[PDB]
């Protein structure tokens, strides 16, 4: 066929009941993740081609970057709770990988402040129980698929994208194959 199990995607031997429809995992420490988001714009090109009524979820992971890596998962929880993902994703990626100006939780906080989130609002959210459960959700979702690497994308907790089986010669063409594949998997 044109989309074969084991080729453009793999099937989880152990399906995840109640999983989000489209779920992407990343780390701000993850070099390929920087590409996916900053150069390829994967998240966005996938959204543009998803059928109506399919929502997209993106979670940060703990297994890269040690203590700072966990801080970033909690910061991403804050980002989701305040709905400012589109204002902090670029400066967190660049602060971590480009300028290497993010070295502590306070440096992470500076990025939100610069992005226009007030200190009091960031600190309150940071320390909130809503954020603690949002951190919990991120960890559970990764646990449910026994996640050991990023970037990764899962569709309906049953299918996992396999971009290794795709021509990266043309960036544009790669992104659209990726997006079209998610669309195919979504309609399965």
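Numbering follows the first chain given and starts at 1.
S.K.: Hey, which bit's got the bigger mean C-alpha B factor in the entry, 169 to 177 or 15 to 23?
M.R.: Taking the mean B-factor of the alpha carbons in each, 15 to 23 is higher.
S.K.: Which is higher in the entry, the mean Cα B factor of 44 to 52 or that of 123 to 131?
M.R.: According to the PDB entry, the answer is 44 to 52.
S.K.: Kindly indicate the residue among 136, 64, 147, 153 with the greatest C-alpha B-factor in the PDB record.
M.R.: Within the set 136, 64, 147, 153, 147 shows the top C-alpha B-factor.
S.K.: For residue 158, return the chain-relative third of its C-alpha B-factor as stated in the PDB record: lowest, middle or highest.
M.R.: Ranked within chain, residue 158 CA B lands in the highest tercile.
S.K.: According to the PDB entry, is the CA B factor of residue 98 in the bottom, middle or top third of its chain, that is, lowest, middle or highest?
M.R.: CA B-factor rank for residue 98: lowest third.
S.K.: Ranking every modelled residue in this chain by its Cα temperature factor as given in the entry, which third contains residue 87?
M.R.: Its C-alpha B-factor, which the entry lists for residue 87, ranks in the middle third among residues of this chain.
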